[PDB]
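Asker:
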Amino acid sequence: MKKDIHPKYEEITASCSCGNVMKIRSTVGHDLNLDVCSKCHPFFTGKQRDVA
Amino acid sequence: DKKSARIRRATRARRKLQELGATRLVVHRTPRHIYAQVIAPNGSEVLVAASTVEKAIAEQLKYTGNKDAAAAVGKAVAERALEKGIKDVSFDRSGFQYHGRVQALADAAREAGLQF
Amino acid sequence: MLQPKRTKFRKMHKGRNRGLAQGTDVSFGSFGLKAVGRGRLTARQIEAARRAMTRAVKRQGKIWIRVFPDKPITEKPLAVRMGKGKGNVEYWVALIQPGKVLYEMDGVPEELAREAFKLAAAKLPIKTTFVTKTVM
Amino acid sequence: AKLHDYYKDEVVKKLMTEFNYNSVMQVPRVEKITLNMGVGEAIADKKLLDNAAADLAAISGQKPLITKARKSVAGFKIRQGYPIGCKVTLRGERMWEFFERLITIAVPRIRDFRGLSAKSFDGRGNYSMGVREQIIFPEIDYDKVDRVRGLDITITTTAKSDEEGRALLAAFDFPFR
Amino acid sequence: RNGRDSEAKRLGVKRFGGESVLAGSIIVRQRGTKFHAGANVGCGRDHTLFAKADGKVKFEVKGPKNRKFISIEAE
Amino acid sequence: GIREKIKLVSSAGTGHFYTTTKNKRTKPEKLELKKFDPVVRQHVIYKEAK
RNA sequence: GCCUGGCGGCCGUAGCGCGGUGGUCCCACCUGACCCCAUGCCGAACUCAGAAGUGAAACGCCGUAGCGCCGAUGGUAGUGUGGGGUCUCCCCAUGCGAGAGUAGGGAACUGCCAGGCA
RNA sequence: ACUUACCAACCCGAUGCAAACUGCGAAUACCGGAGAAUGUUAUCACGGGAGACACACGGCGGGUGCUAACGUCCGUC
RNA sequence: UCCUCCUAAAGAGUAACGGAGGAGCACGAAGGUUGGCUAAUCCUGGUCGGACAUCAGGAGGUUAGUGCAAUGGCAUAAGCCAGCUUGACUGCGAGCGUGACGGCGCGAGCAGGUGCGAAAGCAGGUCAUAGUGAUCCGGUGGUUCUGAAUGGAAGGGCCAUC
RNA sequence: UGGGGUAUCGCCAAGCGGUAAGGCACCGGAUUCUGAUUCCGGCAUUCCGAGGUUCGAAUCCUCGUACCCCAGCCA
RNA sequence: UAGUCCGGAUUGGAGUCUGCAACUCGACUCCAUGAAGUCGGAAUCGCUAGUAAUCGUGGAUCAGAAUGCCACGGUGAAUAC
RNA sequence: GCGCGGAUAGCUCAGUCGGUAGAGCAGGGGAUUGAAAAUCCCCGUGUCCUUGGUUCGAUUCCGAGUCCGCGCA
Ligand SMILES: [K+]
Ligand SMILES: [Mg+2]
Ligand SMILES: [Mg+2]
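Chains as they are written, first to last, in my numbering: chain A, 1198 to 1249; chain B, -8 to 107; chain C, 142 to 277; chain D, 43 to 219; chain E, -1 to 73; chain F, 116 to 165.
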């Protein structure tokens, strides 16, 4: 990468309502509150209620 | 193709040096070796060659394929070339940037007396 | 009438018509109407002869016109002097040499091919002959 | 580097098990991830493309490259060398970090999420998808949006066939309806 | 609508093969590089090929593209 | 056509000038070129896009 | 002797395609990148520091003529000179003599230097 | 979404045409070098004097014309 | 008037109120050099997005591009992008090409000073071929070269230029 | 046949290469017993057809179409 | 002082009642949605005092269905040279 | 003979990349009216001059004819 033309990309910690505490690099520059994660999202139950 | 792109970068200076008719010092950089050879103005026959695959150079080095190795090769080609009466060559960088260890090799060949 | 759909230049030089032909064997069909005289053939003569053939061997058979005009012939109008440009494109000819198979026919007996080729060779300006499909 | 380590043990091992490769290097690996935002409405406005560039600067961690028009076409009122999109080529560590945020927290925040289509391979394994909102990335502030601007992702990988890319991407669990 | 043409430029090969030249002599006044420059031949700004040393004109065919070089043998 | 003629005058004390042509409309800025001055025999800055 | 790398001669009998094989060295991919240097974004490229891993890709080598490529002999076309006719076109004597096609050849040959193995 | 005597791109196989098409390519001509015989230097340069600059037909290669003209315009003899 | 192709008969040249097209400029970067890069079109996948604006991959091979016609060129690119720049220099010029001449063109090299490059080197405009106007008369700047007794000056010359 | 001109809403007629302006008409409302007049609102031609230059064409260029004007002479 | 805690149209869902039966085609309720509309062009209408204006209530027809019709009262003007 | 403009409903005429035949008037039916005119609405069995051909399909495109009209050395 070059010097400071890029935005500040610092490691933060995301946390959703699934109890999934997950630290990641993201250039938000702030800690994060979520609801849906990849763990415990209604994807398969969503497909089931779709077909049903 | 990386090799073919390099050769078409080389070609202009190659054909220009064959046009002037100057003895050329062809370099060749590989990820673990550098090769250097002095070629006659007819282009066919070599005169002097040194490289890091020679154990006379390779044993006195830590790692073949960095700037210290290339400086050793440039010193070797300059020494052997002065021993065989060759003084004034033209540097064929052979498609590489004159930056890293081809610059180290050519600077080392200029310190040890080879005129270019 | 046959004429190229779209040329590249409107007026062609005369040039000459020498030597023998290239289309010489009956290629597509089985019977052929082959030129012997030199001459050149307008598009009206090709159309006239094709109607004589198509009438003659009724809507059975299959007929190939192996020559195509593609050469524009210019004429000057009446009571116009010489000079002042090249004329205007009046019709289109094909240049014929001895050997051209002008037409081919297939799907009839030979005796109808004789008959249609007689009927249609009397609409052309060149001496003409009948050929068959020879095998090599 | 979380999914890069996860690759280096379990996806390499898993795909060596599934397909009967000989070489450990014959396994597919994801080369790069290009994020394009072909804005197109910047034929009249420059700050609109600047805001687009700020959004790809936020979604990835890099400045985008503002792309120019290759040919001039009159169907869309553009001209040769006129700036009309912006893209970021993510590769290396940032490819894996973005890929982690993408399949982990960005894809579930899609409205009405049914799944990603499995028939979106270009025949050589390279996935390409499109998001319709930039809001689905947690960095883009919802109070600071002016125009809704989707973008298209393209995972370029070293697989030869596209079923081999089904396997590679599906070993990251990468939803696939 | 017609009736115009330019003046004829007198291109072509001025010295043929084996023809002895002085230095400076124009060999092929031409329009692109239909003939390329070989040994002891220079190519001018309008692709005029001229004898850069004395000798004899040598037409050759070299290289991977079958180009038509013109050398000069030292003589 | 539209493209005018200007004199690049020498910055040394000589009167020596080169002469050339400028599009006055698209390039209204003056034209400074370090050209050769044969009276001084030296490469001096030249000015005056007329 | 076999293999590999560099620089050439030669410029498709030399290139394509299909199939097989190679890594001790060499080569390539590779590993990492704060530094030398670099990206109109990105160590992808360029560059640097290396050597864990694989020859997958690449590259080389060995097969295979499906194609490209070369290509006779003979005849044909044309044509210089002299002559002739039924003369917008041809013929004769004579000198030169194709292009296309056919039989066939054909998956190169080679020089200098360097390294590895026997 | 269901049928269809109609046309038809690209690709492949086969067939022709081209002054302003060429992945081929003569004869001749032209340029250069060497050699023999022959030719009243036939060659070149410089100087004195010109005339001439309306051409015609005939063969060959062509443009134009209608492959018309004892037509017209070139090239060459 | 000038440029390109054909006529034009395989060197050059070659006519007609023969067949076809163009010019009377542009550019201080579109010139110099150094370093790098390689097109058209089609297919597939992909937010708005569409036959065609961006992205990614493949086929393909220069069918692209070349400031503007056509021809000949171009990959070592003459095409495309970036850094630094003014050689778009001044005096000359062996030798050639081309014209009846006026004239026009190509030019290695020499001297002075410069740019780019580490260097070999390359650069006296642009891929080339059009983009033009003799002489007289006169205008402007420089140079005691002249300057009708003499010292100046006027005018003239010479160099640049309109 | 040559030279010049025109083609833009249903009709007559403006348009400067980056937007289509006017009048009459037509449509809706109002006035009126009803119609005309009047008054208030509207709409409206992607510019004769095809190709090209341009980032961009009603506009510029070329070709075709349809209609006008001028000339088509001396013998 | 906002298209806003204005305005309620429209639409989705869930219901209650009447009636053999609310799909064409009722009325009402609850949750959600939340248009147009910011005082109306030419023109035009009603009203002279318990009047106009404004606020509710009742009835007839009727199983259920009024913003209409017919009645009833509350507050209560301006102006007429 | 050559160059043109015409033939489409009873009458007078529209009608171009080939797509189920158009308008006005006439004629017929209906509304309206005391009745009628008027006004409004609805309704076309047209070998698109003949004849072949092309096309899945022709008023339309090609080939050949008949009749009318205009012009010409
Ligand atoms: K009618
Ligand atoms: Mg009638
Ligand atoms: Mg009529």
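In this text, a Cβ means the ideal position worked out from N, Cα and C, and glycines have one as well.
Give the residues from the stretch 162 to 191 of chain D that approach chain A closer than 8 Å (Cβ to any Cβ), ordered along the chain.
Answerer: Within the stretch 162 to 191 of chain D, the residues whose Cβ lies closer than 8 Å to some Cβ of chain A are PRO180 and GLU181, listed in chain order.
Asker: Taking just the CA atoms, how far does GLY22 (chain E) sit from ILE77 (chain B)?
Answerer: Taking the first residue of the second sequence as position 1, residue 77 (chain B) is located at position 86. Taking the first residue of the fifth sequence as position 1, residue 22 (chain E) is located at position 24. Near 33 Å, if we compare the C-alpha coordinates of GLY22 (chain E) and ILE77 (chain B).
Asker: Which residues in chain A have a C-beta closer than 9 Å to the C-beta of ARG143 (chain D)? List them in chain order.
Answerer: Looking up residue 143 (chain D) in the fourth sequence gives position 101. Under the 9 Å cutoff, chain A gives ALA1211, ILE1221, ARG1222 and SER1223.
Asker: Following the continuous alpha helix (DSSP H) through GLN186 (chain C), name the residue where it begins and the one where it ends.
Answerer: Numbered from its first residue, the third sequence carries residue 186 (chain C) at position 45. First-last of the alpha helix (DSSP H) with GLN186 (chain C): 184 to 197.
Asker: Closer than 7 Å, Cβ to Cβ, to anything on chain A: give me those residues from the stretch 83 to 108 of chain D, in chain order.
Answerer: Going along the stretch 83 to 108 of chain D in chain order, one finds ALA99, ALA100, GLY103, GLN104 and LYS105 with a Cβ nearer than 7 Å to chain A.
Asker: By Cβ distance below 6 Å, which residues in the same chain neighbour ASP204 (chain D) in space, the five residues on each side in sequence not counted?
Answerer: Locating residue 204 (chain D) in the fourth sequence gives position 162, where the first residue counts as 1. Cβ within range, chain order: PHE163, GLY165 and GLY167.
Asker: Kindly indicate which residue of E:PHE14, E:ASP44, E:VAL59 and E:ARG65 has the alpha-carbon position closest to the one of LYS7 (chain E).
Answerer: Here residue 7 (chain E) refers to the residue found at position 9 of the fifth sequence. It is E:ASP44 whose Cα lies nearest to the Cα of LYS7 (chain E).
Asker: By the DSSP assignment, the beta strand (DSSP E) with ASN93 (chain D) in it spans what residues?
Answerer: Position 51 of the fourth sequence, counted from the first residue, corresponds to residue 93 (chain D). Premise fails: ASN93 (chain D) lies in the alpha helix (DSSP H), 89 to 101, not in any beta strand (DSSP E).
Asker: When the Cα atoms are used, what is the spatial distance from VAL1248 (chain A) to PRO1239 (chain A)?
Answerer: What you label residue 1248 (chain A) is simply residue 51 of the first sequence in a count that begins at 1. What you label residue 1239 (chain A) is simply residue 42 of the first sequence in a count that begins at 1. Distance between the alpha carbons of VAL1248 (chain A) and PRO1239 (chain A) is about 14 Å.
Asker: Drop a sphere of 10 angstroms on the beta-carbon of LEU47 (chain E), count the other beta-carbons inside from all chains shown, and report buried for 16 or more, exposed for fewer.
Answerer: Position 49 of the fifth sequence, counted from the start, is the residue given in the question as residue 47 (chain E). By the neighbour-count rule (16 or more Cβ atoms within 10 Å), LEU47 (chain E) is buried.
Asker: Note down the Cα distance separating residue 100 (chain C) from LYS199 (chain C), rounded to an integer number of angstroms.
Answerer: The question about residue 100 (chain C) has no answer, for chain C in this structure spans 142 to 277.
Asker: When the Cα atoms are used, what is the spatial distance from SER168 (chain C) to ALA254 (chain C)?
Answerer: By 1-based counting over the third sequence, the position of residue 168 (chain C) is 27. By 1-based counting over the third sequence, the position of residue 254 (chain C) is 113. Distance between the alpha carbons of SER168 (chain C) and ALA254 (chain C) is about 16 Å.
Asker: Measure the C-alpha to C-alpha separation of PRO62 (chain E) and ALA27 (chain B) and round it to an integer number of angstroms.
Answerer: Looking up residue 62 (chain E) in the fifth sequence gives position 64. Looking up residue 27 (chain B) in the second sequence gives position 36. Distance between the alpha carbons of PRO62 (chain E) and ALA27 (chain B): 27 Å.
Asker: Looking at the unbroken alpha helix (DSSP H) that takes in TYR48 (chain D), where does it start and where does it end?
Answerer: Residue mapping note: residue 48 (chain D) aligns to position 6 of the fourth sequence, counting from 1. That run of the alpha helix (DSSP H) goes 44 to 48.
Asker: Does any CB atom of chain D fall closer than 8 Å to the CB of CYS1234 (chain A)?
Answerer: To locate residue 1234 (chain A), count along the first sequence from 1; it is residue 37. At least one chain D Cβ lies under 8 Å of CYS1234 (chain A).
Asker: From D:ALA212, D:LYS74, D:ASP51 and D:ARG219, pick the residue whose C-alpha is nearest to that of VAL130 (chain D); which is it?
Answerer: Here residue 130 (chain D) is taken as the residue at index 88 of the fourth sequence, counted from 1. Checked all of D:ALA212, D:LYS74, D:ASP51 and D:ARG219; the closest Cα to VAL130 (chain D) is D:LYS74.
Asker: At a Cβ threshold of 8 Å, is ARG151 (chain D) touching chain A?
Answerer: As a position in the fourth sequence, residue 151 (chain D) is number 109, starting the count at 1. Cβ-Cβ to chain A under 8 Å: yes for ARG151 (chain D).
Asker: Should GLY192 (chain D) go down as buried or exposed, given a rule of 16 or more other Cβ atoms within 10 Å for buried?
Answerer: Locating residue 192 (chain D) in the fourth sequence gives position 150, where the first residue counts as 1. The residue in question, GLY192 (chain D), is exposed, as its Cβ has fewer than 16 Cβ neighbours within 10 Å.
Asker: Suppose you measure from the CA of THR59 (chain D) to the CA of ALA209 (chain D); what does that come to, to the nearest Å?
Answerer: Locating residue 59 (chain D) in the fourth sequence gives position 17, where the first residue counts as 1. Locating residue 209 (chain D) in the fourth sequence gives position 167, where the first residue counts as 1. The straight-line gap from Cα to Cα measures roughly 11 Å.
Asker: Verify whether the separation of the beta carbon atoms of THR136 (chain F) and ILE121 (chain F) is less than 8 Å.
Answerer: In the sixth sequence, the residue the question calls residue 136 (chain F) occupies position 21. In the sixth sequence, the residue the question calls residue 121 (chain F) occupies position 6. It is a contact, given that the beta carbons lie within the stated cut-off.
Asker: Using CA atoms only, rank isn't needed, just tell me which of B:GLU45, B:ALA103, B:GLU50 and B:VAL18 is closest to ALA72 (chain B).
Answerer: Start at 1 with the first residue of the second sequence, and residue 72 (chain B) comes out as number 81. Ranking the options by Cα distance to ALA72 (chain B), first place goes to B:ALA103.
Asker: Can you check DSSP and say which residues form a bridge with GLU71 (chain E)?
Answerer: Reading the fifth sequence from its first residue, position 73 is the one you call residue 71 (chain E). BP columns for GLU71 (chain E) point to E:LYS54.
Asker: Give the residues of chain A in contact with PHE155 (chain D), contact being defined as C-beta atoms less than 8 Å apart.
Answerer: The count along the fourth sequence starts at 1 and reaches residue 155 (chain D) at position 113. Result: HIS1238, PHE1240 and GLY1243.
Asker: Which residue wins for smallest C-alpha separation from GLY207 (chain D), given the options D:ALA43, D:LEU57 and D:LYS44?
Answerer: Mapped onto the fourth sequence, residue 207 (chain D) falls at position 165. Residue D:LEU57 is the option with its Cα nearest to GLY207 (chain D).
Asker: The alpha helix (DSSP H) with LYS56 (chain D) in it runs from where to where?
Answerer: As a position in the fourth sequence, residue 56 (chain D) is number 14, starting the count at 1. From DSSP, the alpha helix (DSSP H) with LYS56 (chain D) extends over 54 to 60.
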